[PDB]
Amino acid sequence: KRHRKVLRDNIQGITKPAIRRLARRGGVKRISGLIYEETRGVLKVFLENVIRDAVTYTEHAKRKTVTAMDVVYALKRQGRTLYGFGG
Amino acid sequence: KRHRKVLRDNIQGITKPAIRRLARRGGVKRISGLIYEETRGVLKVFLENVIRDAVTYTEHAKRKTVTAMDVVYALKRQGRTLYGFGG
Amino acid sequence: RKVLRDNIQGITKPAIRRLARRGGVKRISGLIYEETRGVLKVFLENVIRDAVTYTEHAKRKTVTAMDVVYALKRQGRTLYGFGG
Amino acid sequence: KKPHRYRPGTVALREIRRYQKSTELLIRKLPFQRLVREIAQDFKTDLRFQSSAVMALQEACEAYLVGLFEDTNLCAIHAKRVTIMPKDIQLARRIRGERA
Amino acid sequence: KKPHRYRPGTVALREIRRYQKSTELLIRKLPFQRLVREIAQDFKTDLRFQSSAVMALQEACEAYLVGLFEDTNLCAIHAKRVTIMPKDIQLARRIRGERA
Amino acid sequence: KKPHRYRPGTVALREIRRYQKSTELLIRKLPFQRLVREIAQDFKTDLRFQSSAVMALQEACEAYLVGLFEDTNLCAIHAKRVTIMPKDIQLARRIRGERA
Amino acid sequence: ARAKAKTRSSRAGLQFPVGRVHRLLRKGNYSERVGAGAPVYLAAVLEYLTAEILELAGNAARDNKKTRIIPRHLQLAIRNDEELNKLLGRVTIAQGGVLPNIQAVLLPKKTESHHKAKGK
Amino acid sequence: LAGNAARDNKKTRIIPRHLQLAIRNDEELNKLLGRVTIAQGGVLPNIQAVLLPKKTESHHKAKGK
Amino acid sequence: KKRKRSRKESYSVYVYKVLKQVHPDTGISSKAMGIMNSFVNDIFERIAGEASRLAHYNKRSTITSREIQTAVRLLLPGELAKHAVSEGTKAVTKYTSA
Amino acid sequence: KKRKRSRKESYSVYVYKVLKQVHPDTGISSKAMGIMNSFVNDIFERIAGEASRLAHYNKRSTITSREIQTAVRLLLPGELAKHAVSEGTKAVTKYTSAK
DNA sequence: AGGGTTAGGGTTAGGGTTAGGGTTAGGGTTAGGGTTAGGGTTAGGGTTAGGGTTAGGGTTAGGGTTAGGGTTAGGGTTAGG
DNA sequence: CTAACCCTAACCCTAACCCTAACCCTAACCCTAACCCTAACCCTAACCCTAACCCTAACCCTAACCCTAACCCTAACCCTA
């Protein structure tokens, strides 16, 4: 059966070519070596905050499933209104 | 397949009467209610500092099992030599 | 009688220098005063336009500190003390 | 333009032009799906994430990363430079008011 | 022939400390009142402002200018410099999101 | 109706004497094993501890807690008090050199 | 009849107008129905926040050799408390200055400046 | 660290005072060399809040109010 | 003609009472009182607005203690939110008991 | 679903009619339709909140065309706000002339 | 059914006015030290590749979970004193 | 009248297996940028003091806020197409 769970091979999930392609899409020609760790840390902090907000919303809604509507509500409460996914 | 409680004892076991039994061994008559949390915290940090050295000692011989000899060897480095169990 | 050209110059150079020293600036360039006056004029224009809109909506002809605080909070700058 | 060696700095411009005209996701889903589950474990266990929540999360994260990279690139050229550095991301985040 | 002239730096530092250890205002009140009156003249004529209103306006303007000067000084320090520059002010306004 | 309730003090004193005149343990074994397993999970995965190892760990932890409680009670007695306090624990850890 | 009229503040143990909070919640166009424990909860939260802020201001005033609370001490305590600064980030206190924070580069370390004549 | 301390103290040479200052400033260095005392070196001017003048209000009696 | 001037509502008596409860030796100026009045009103309007948004999102036309507890945990940070939640729970427990 | 379920609300028909009026022989996508619906809902909620705040500040209880026009002039920029105000005044005049 | 509209007088209040002297800025002056120009050093990743870990569907089942509908009762509402 | 209760319909979330194939990791080579040193200028640091000017201390009064008195139209709730 499934006798395993998730580990810390998760910060390393944000691979280096992915961050490089994101910087190239933004407009960066040369990317330093110590940028990947800081980017992963900032992304982890942001995801932690958004997931905490979504968990609070789900606990207030008396539910156990996080929905895209709750995610959009949390993102708008922070100050980032997202369109398309939801309504 | 896997235990539904993934808390893995979040600093549990150190209950109120358990601390109310160790403090009375020393000579504490009135035990404050704001002492259980600090006791759990200091116990956690001490266990962490000891387990770090234990894992560092066990990882040297390419071994994946922690024995009492490595535990007492790591405890001797901190300044607390224990007799009997190790040997 | 008031020279509309003698109002941007109202923000004197020692005043901007003292403001930069209070913020934490050791050396202030020469072309900073004009840009600071322009930015302050744009901000004051926006806030005064908001206050004028609020006063016209309130059917009044006097701008009040309450309306100023409301406009500042609508822009994203909540001010305390003056008002309530 | 021999296929053995290209001038460094020229292939990056073509890559930038090619990647700036597409709207596909750069971060992969499966590595990103486990990161969302691992973070939610500390808050509350036994949680079921919808199939549309992870997509919006990834989109918002990609947009935020693109904005931060653009801000860092704008801060890089200020010091007569062309490359980004960790000392620039801190200033770019502090000026925006996030780190406070 | 020695008035003991101060080297450029100590006077600026002590003035910064003296102005930071105070709560009084810096810009005058009557010129600011004339300025806000001239600005309000471009919208509705025959307008009467308030003393508390112009005082709050001057306070908010002084706080915004202090924040902008702090951001410019931080950008200059990051740019291996000690003096502010219009390019630094422009970059600060571009990162903060005021350019429009 | 009467149960002859004990005044607060005699029960604590007799419990202190009974727990001092014994050699058995106080903290349980399975919760401590789960705790040390959770702590070891943060370093190397798939780890197998030992019964004698966790027993020696529990014994050393109980001895350290007894010493800390004795130091805290001594500090409280010196401070014209009879109950322990987190400030007393902090001062004991500061004097002993354990810091944080 | 009616026996006696006890105050809601006395029955709740707080020092905030629960009645005024309920009236503001009912007349503020927030919802058609206003609960009973919600005004008490809001009053308790506001009282705790006010008590913390007043304690910080009193500590700052006692450290500044003063007996009254001034907006300068209020701003100092707000900027000192990390949680208060994170909560009130977009709030500017009138009649109050910033903290005397001087950077290390702005400190006077000219080191004889050099570049001039050879002083060797 | 010693050179940074000397440059901050308007000095060119490294002295044991600057060495002790840098050691006490660096948390990892202080944790590594905890039982090491540097000769010809003082501690940091750390004054507690209770030792500062006022706050305690030394008026005591104050005949009046 | 008639007196009957409008009465402006303020929390000056409650702030002074909290001051006397915490530090019974200090004082509060008029500017500090006005700042505390604007701070309490701003937090009260932010929490009431967050509770109204939660009552509008979930199809329910009521505001109970859960809506305020959720708005407190979402607005306040960490330790402050937990302390406020504990104080509110203690208050509602003392109300439901006494 | 269709098992005594509930029906949501949207503005797809109105958006499609506006698109057909401003430009014939064009098309649209579902993502664009959802984005337009979210934008319309956000602007609607913002203008409604601004009008409610203005009515509460004016010590009144009715949100009318004047409050809506003030909220529009405060939210929209310059020429867009002017054109929106002109269109709203024309619609109000048409409603007054014929109902 | 009462909130908003109108006319009416009170009533605070801000603009307009005086003068002056004490605070402070305006425009020109001496000169220090920081700035961006330069050239030399170094290693920092840019670019290619080929071994190969792992991801997007493609297509299943099961049983947690939201809540649709119905019942009912009690807390918020409204009113006056 | 709306929220706390119960049965329960159906949905949507998770568990698990495949088939490689776009993508990820390292190590192989090398070009040009980041960075330290240094030196030339001209820019703003530091006065500065006599003139600009502002806020201090009051008077007023007439345009403006709105208060409470009268009255009706606009807004809501009802039902049912």
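Numbers in chain E come straight from Swiss-Prot, and the residues shown are 37-136, in order.
This deposition comes from electron microscopy, 8.0 Å.
Quick reminder: no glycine exception, Cβ is built from N, Cα and C everywhere.
Here Swiss-Prot flags E:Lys37, E:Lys80 (among others) as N6,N6,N6-trimethyllysine. Annotation source Swiss-Prot lists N6-acetyllysine at E:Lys37, E:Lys80, E:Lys116, E:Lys123 (among others), citing experimental evidence. If you look up Swiss-Prot, you'll see E:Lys57 marked as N6-crotonyllysine. Residues or ranges marked as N6-(2-hydroxyisobutyryl)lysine by Swiss-Prot: E:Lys65 (among others). Under the heading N6-glutaryllysine, Swiss-Prot lists E:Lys80, E:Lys123 (among others). Look at Swiss-Prot and you will find E:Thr81 (among others) tagged as phosphothreonine. Residues or ranges marked as phosphoserine in Swiss-Prot (evidence: similarity to another entry): E:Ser87 (among others).
On the structure: features taken from Swiss-Prot.
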residue  : record                         : Cβ neighbours (10 Å)
E:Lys37  : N6,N6,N6-trimethyllysine       : 2
E:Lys57  : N6-crotonyllysine              : 12
E:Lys65  : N6-(2-hydroxyisobutyryl)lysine : 12
E:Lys80  : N6-glutaryllysine              : 15
E:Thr81  : phosphothreonine               : 7
E:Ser87  : phosphoserine                  : 10
E:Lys116 : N6-acetyllysine                : 9
E:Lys123 : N6-glutaryllysine              : 15
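When the modified residues E:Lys37, E:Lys57, E:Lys80, E:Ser87 are compared by Cα distance to E:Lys65 (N6-(2-hydroxyisobutyryl)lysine), the shortest distance belongs to E:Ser87. Proximity to chain D (CB-CB distance below 8 Å) holds for E:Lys116 among the modified residues E:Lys65, E:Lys80, E:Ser87, E:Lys116. Look at E:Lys123 (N6-glutaryllysine): DSSP puts it in a helix. Closest by Cα distance to E:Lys37 (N6,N6,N6-trimethyllysine), from the modified residues E:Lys80, E:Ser87, E:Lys116, is E:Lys116. You'll find the Cα of E:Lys123 (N6-glutaryllysine) roughly 14 Å from the Cα of E:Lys116 (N6-acetyllysine). Of all the modified residues listed here (E:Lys57, E:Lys80, E:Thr81, E:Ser87), E:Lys57 has the Cα closest to the Cα of E:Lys116 (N6-acetyllysine).
Under the three-state DSSP scheme, E:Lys65 (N6-(2-hydroxyisobutyryl)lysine) falls in the coil class. For E:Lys57 (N6-crotonyllysine) paired with E:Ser87 (phosphoserine), the C-alpha to C-alpha distance reads 26 Å.
Across the structure, E:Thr81 (phosphothreonine) and E:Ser87 (phosphoserine) place their CA atoms 19 angstrom apart. E:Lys80 (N6-glutaryllysine) sits 19 Å from E:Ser87 (phosphoserine), taking the Cα positions as reference.
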